[PDB]
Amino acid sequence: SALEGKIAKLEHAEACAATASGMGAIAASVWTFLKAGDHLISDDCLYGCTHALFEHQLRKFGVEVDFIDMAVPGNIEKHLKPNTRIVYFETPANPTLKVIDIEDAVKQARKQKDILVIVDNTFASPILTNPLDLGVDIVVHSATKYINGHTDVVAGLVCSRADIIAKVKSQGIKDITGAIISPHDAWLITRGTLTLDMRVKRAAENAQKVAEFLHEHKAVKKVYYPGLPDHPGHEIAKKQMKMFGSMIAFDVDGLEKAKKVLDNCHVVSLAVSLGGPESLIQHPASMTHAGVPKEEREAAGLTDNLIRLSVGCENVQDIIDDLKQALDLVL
């Protein structure tokens, strides 16, 4: 709880519960506060495992679930029902970094009593956005993107009021999930907090420059980065993020170009799981969603054109040089 105390302060929270993984954080929150017959509203742009938890597992246990575009004004209140218990989203979301106005989402949820607004703040981190300041009830993180300060280390965090966290710990962790953090990983996360502020800002400043470079490259059809003035919701990101994060996505002309780009990266490394101080790149259609049919990948919001990049803390010149060489080979 030395770790928990530090993270709680970082997220402007009364309390924190550390868990075995980001999925552990999400699960220990949602299972704790739901029951059969309850209703959950989720955004439609979700981390794959979150979507499966909601779409398959919650529903299996009698929980009603709507997936909706939360960036559409009024869409949350439109979907409110007498049994609505949770409103869940990530911002910058899923593969295309869709921005959701946190204050506005909370305002819609507050039309009814006893709705827990839960926000996955993994991508922004406590350094850039603090959803609890904007009326959110619970914030969750995967520690893998920023908080861990190294990697090979998987852990999650839940931050909330003390009475919520008491239940998350005694029920969500100890009874329901068993997603208890390792003492060893907890030590390593705690070590990571020392340079967290600087690492997040470096990666975000690096990403802004990488996004600007990508924005002018002839092989890039589209860039998704909240810090670019032509990103939808750029203004929303500007009001609720101190900087624009280290996650970027971009489209190239087809499957082959995506693969050829990946095949020619050296400084930037290929990875199934993104985040951390190392710059990492993936083609989700073939690397995380290969067993999902083409139509289902697309009907979600994921095409064969899309590349996802988590920008690390390296000298940005080395990152741009790497991407530049690879993208030129695709022309």
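Quick note: we count residues from 1 along the sequence shown, nothing fancier.
Taking the PDB entry as given, 310 to 318 carries the higher mean Cα B factor of the two stretches 310 to 318 and 19 to 27.
Mean CA temperature factor is higher for 184 to 192 when stretches 134 to 142 and 184 to 192 are set side by side in the entry. The residue among 95, 74, 227, 126 whose C-alpha carries the highest B-factor in the deposited model is 95. Note on 257, 199, 81, 215: the highest value goes to 257, judged by CA B factor as recorded.
When the modelled residues of the chain are ordered by C-alpha B-factor, residue 170 sits in the middle third.
In the deposited entry, the Cα temperature factor of residue 178 sits in the bottom third of values across the chain's modelled residues. Split the chain's modelled residues into thirds by C-alpha temperature factor. Residue 43 is in the middle one. Residue 157: CA B factor lies in the lowest third for its chain, per the PDB record.
Ranked within its chain, residue 220 lands in the highest third, by CA B factor from the PDB record.
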